[PDB]
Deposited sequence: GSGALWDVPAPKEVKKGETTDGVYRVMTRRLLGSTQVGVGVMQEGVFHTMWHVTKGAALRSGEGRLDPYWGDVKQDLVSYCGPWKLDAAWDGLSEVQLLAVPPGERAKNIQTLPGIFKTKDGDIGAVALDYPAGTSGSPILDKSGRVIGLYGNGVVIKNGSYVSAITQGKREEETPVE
């Protein structure tokens, strides 16, 4: 399967969801720590890695990174959370800011199991502005993931 949309990344103790990915223009985008660059199966069925980067924690299959949109810095976004064993749910939120020395990157303060990481973050036009699942655990114990976007 290669039609556009969001996909669960599974593995067989039982069938376990290790992460989430997004398919667009024939390319499967997800996070590196999800698949560790290993090949995926889509039916019968083989997706091979094309581009990856551990620092960005991103990886593309069957082609280069296609998602180009980014957060405008003012409007609210929506996390299309696809938790393990749960139907996809759109969660609207206003992202925070991750202050680094290469600049600022948006971050959403939403908590979901580790199997949900790789789920896309959308703008008001349905464009993927980044993926969810790479972040920090703050002083209270909650999880805050950055809006990690690649380069097209």
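Positions of the deposited sequence absent from the coordinates, in order: 1-17, 30-31, 172-178.
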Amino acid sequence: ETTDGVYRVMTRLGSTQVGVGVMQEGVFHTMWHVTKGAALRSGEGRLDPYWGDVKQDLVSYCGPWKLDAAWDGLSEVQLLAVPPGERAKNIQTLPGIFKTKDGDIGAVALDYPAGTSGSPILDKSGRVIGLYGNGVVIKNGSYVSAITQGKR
From here on, numbers count along this sequence of modelled residues.
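Just going by the entry, 79-87 versus 39-47 on mean CA temperature factor gives the higher value to 39-47. When the two stretches 29-37 and 96-104 are set side by side, the higher mean Cα temperature factor goes to 96-104. The PDB entry assigns the greatest CA B-factor among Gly141, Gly135, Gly19, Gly130 to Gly141. Sorting the modelled residues of the chain by their CA temperature factor places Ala114 in the middle third. Annotation for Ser15: CA B-factor lies in the highest third of the chain's modelled residues.
Ranked against the other modelled residues of its chain, the C-alpha B-factor of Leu67 as given in the entry falls in the lowest third. Per the PDB record, residue ranking by Cα B-factor puts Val54 in the highest third of the chain.
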